[PDB]
A.B. asks: 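Pasting in a structure now, in structure tokens, and then I'll have a few things to ask.
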Amino acid sequence: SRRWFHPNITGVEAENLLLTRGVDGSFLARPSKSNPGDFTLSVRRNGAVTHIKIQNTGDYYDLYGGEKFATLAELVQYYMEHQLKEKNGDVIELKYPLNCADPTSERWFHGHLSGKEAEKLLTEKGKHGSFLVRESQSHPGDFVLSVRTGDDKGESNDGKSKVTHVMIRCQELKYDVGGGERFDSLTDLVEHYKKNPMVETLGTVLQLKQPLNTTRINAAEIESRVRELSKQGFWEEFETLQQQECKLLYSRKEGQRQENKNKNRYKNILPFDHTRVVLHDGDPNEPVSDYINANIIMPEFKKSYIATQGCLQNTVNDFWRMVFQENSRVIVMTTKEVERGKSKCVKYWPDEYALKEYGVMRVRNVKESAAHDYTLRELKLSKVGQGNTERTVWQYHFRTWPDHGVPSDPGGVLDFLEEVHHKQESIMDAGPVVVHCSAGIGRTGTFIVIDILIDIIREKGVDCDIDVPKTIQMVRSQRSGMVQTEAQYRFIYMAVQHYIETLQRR
Ligand SMILES: Cc1nc2c(-c3ccc4nn(Cc5cn[nH]c5)cc4c3Cl)c[nH]c2cc1CN1CCNCC1
């Protein structure tokens, strides 16, 4: 659960909540109401409230006087199970999440929505067990739970399904369905009736199986959807996606081993065990030779990806072992080697025309070709002692992404991804496309999600369903924190919009 995040609270509201409703060890996180990508962890200690800044420019959550993390849920989990210190160096304990009652970031909460608007959506878009909660209109301050129940098999409105409305009273900021338990929030109420469904007198079980899906759109409707989300609506949609990251706390035990600690660019940004790339055929003398900070990303609903960090000096040999083993023939690099004077990826390829050995692997840089937004390096990768293992690996190095934030226009990213796509498609049986930035989650996640969405539209044309948050959530189940900021989220929509618009101009 992610109840400790309060989306619509000020700093002074946060202090007053912790001092009146919390104890020492209580904590909550909140966004800056202005500067986006700024968050604050507010913590009660010795009867007073401290505020700790968390910045995200696109690559990771950077907690002041703490560490860097892939998600705020992973940050909270780390500190609640271990470390966090103030400037004078004193320990700040995160013991007791201070829960938020605001329903605005729940997928099922649709706010103003009228009752006829709600029946039409559940009828057209909904399925058995699809539900939503909306404000009443007839009884102001109260709410309505609308639920669809029925036989999904039919392709006609033949009375085999129906919508039921359940009035939710709000009496003294507790919520109830007219009887029984009174809940501190709509979330507690929905969670209760999700496990213990209401039964009608004549037997119908009002099963709350899934929130109504309103984010799946026809690709042709993209421009209208961007217009609706710009009236922001992008913020609400993104924060609803972020609220689901508590469902993605999969184990990362391999990355936590002592033997593997120094193979991580950031100690707490780690690959999930279940999708990590396992390196085989290692040196028998190296005790733990199977680890790289990289995950297979397999779109689920033909191309797959490996999402990885920028190489460290001590992982370059591992990186080439990964590329060789997986039969990857295309690398996508989305950072400069150095940004803001700090190393984001070591140079792991030879100079133009040069040959280098990286342990058992040999790489030739055959030729570099410079475009406005990117450099292409044609590399030849082989295993030392086995000349018939040579294959070309095409390295696409995107060089113009801004140091902070996202490109103001998606055209360059789209032209780059189109080229990468055609390269990959031209090579029979090519393995996954390797995509890396610095930590391998922010830019890397953005490029991979764009590529996925654009691949649907390229094969099906403008009449295909896409669902941006659903696709992100699927990718975030395979590597932590894929797509870091609201700015990248909006950029994904803008890239899909631009891609559609240029397909209609052709
Ligand atoms: C309905 C809705 N959905 C979303 C998602 C969204 C979509 C689809 C997802 N599917 N899954 C599971 C999964 C498994 N594999 N892949 C995805 C999670 C998903 C989320 Cl979080 C992100 N923002 C959203 C906003 C809304 C509507 N808002 C109205 C205003 N008040 C807040 C609600």
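Numbers for residues simply follow the sequence, beginning at 1. Note: hydrogens, waters and symmetry copies are ignored here, and every other heavy atom, side chains too, is used. Counting starts at 1 for both ligands and their atoms, following the listed order.
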A.B. asks: Can a donor-acceptor pair be found between the side chains of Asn218 and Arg225 at a distance below 3.5 Å?
C.D. replies: no
A.B. asks: Kindly identify the option in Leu113, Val468, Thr214, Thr215 whose heavy atom sits closest to atom 1 (C) of ligand 1.
C.D. replies: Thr214
A.B. asks: If you measure every N/O of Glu236 against every N/O of ligand 1, is any gap under 3.5 Å?
C.D. replies: no
A.B. asks: Specify the protein heavy atom at minimum distance from atom 12 (C) of ligand 1: its residue, its atom name, and the distance to 0.1 Å.
C.D. replies: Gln473 CG, 4.1 Å
A.B. asks: Tell me the protein heavy atom at minimum distance from atom 6 (C) of ligand 1, and give that distance in Å.
C.D. replies: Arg107 NE, 3.5 Å
A.B. asks: Would you say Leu212 touches ligand 1, if touching means a heavy atom closer than 4.0 Å?
C.D. replies: yes
A.B. asks: Take every heavy atom of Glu300, measure it against each atom of ligand 1, and state whether any distance is under 4.0 Å.
C.D. replies: no
A.B. asks: Identify the residue among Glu425, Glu418, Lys423 that makes a side-chain hydrogen bond (donor to acceptor under 3.5 Å, both in side chains) with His421.
C.D. replies: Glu425
A.B. asks: I need the atoms of ligand 1 closer than 4.0 Å to a non-hydrogen atom of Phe109, numbered in the order shown.
C.D. replies: 29 (C), 30 (C), 31 (N), 32 (C), 33 (C)
A.B. asks: Flag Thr104 as yes when one of its N or O atoms lies below 3.5 Å from any N or O atom of ligand 1, and as no otherwise.
C.D. replies: yes
A.B. asks: Could you tell me whether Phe238 and ligand 1 have an N or O pair separated by under 3.5 Å?
C.D. replies: no
A.B. asks: Could you tell me whether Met474 approaches ligand 1 through its side chain, its backbone, both or neither, with non-hydrogen atoms closer than 4.0 Å?
C.D. replies: both
A.B. asks: How about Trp401 and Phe491: are their ring centroids closer than 6.0 Å?
C.D. replies: yes
A.B. asks: Distance under 4.0 Å to a non-hydrogen atom of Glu106: what atoms of ligand 1 satisfy this?
C.D. replies: 32 (C), 33 (C)
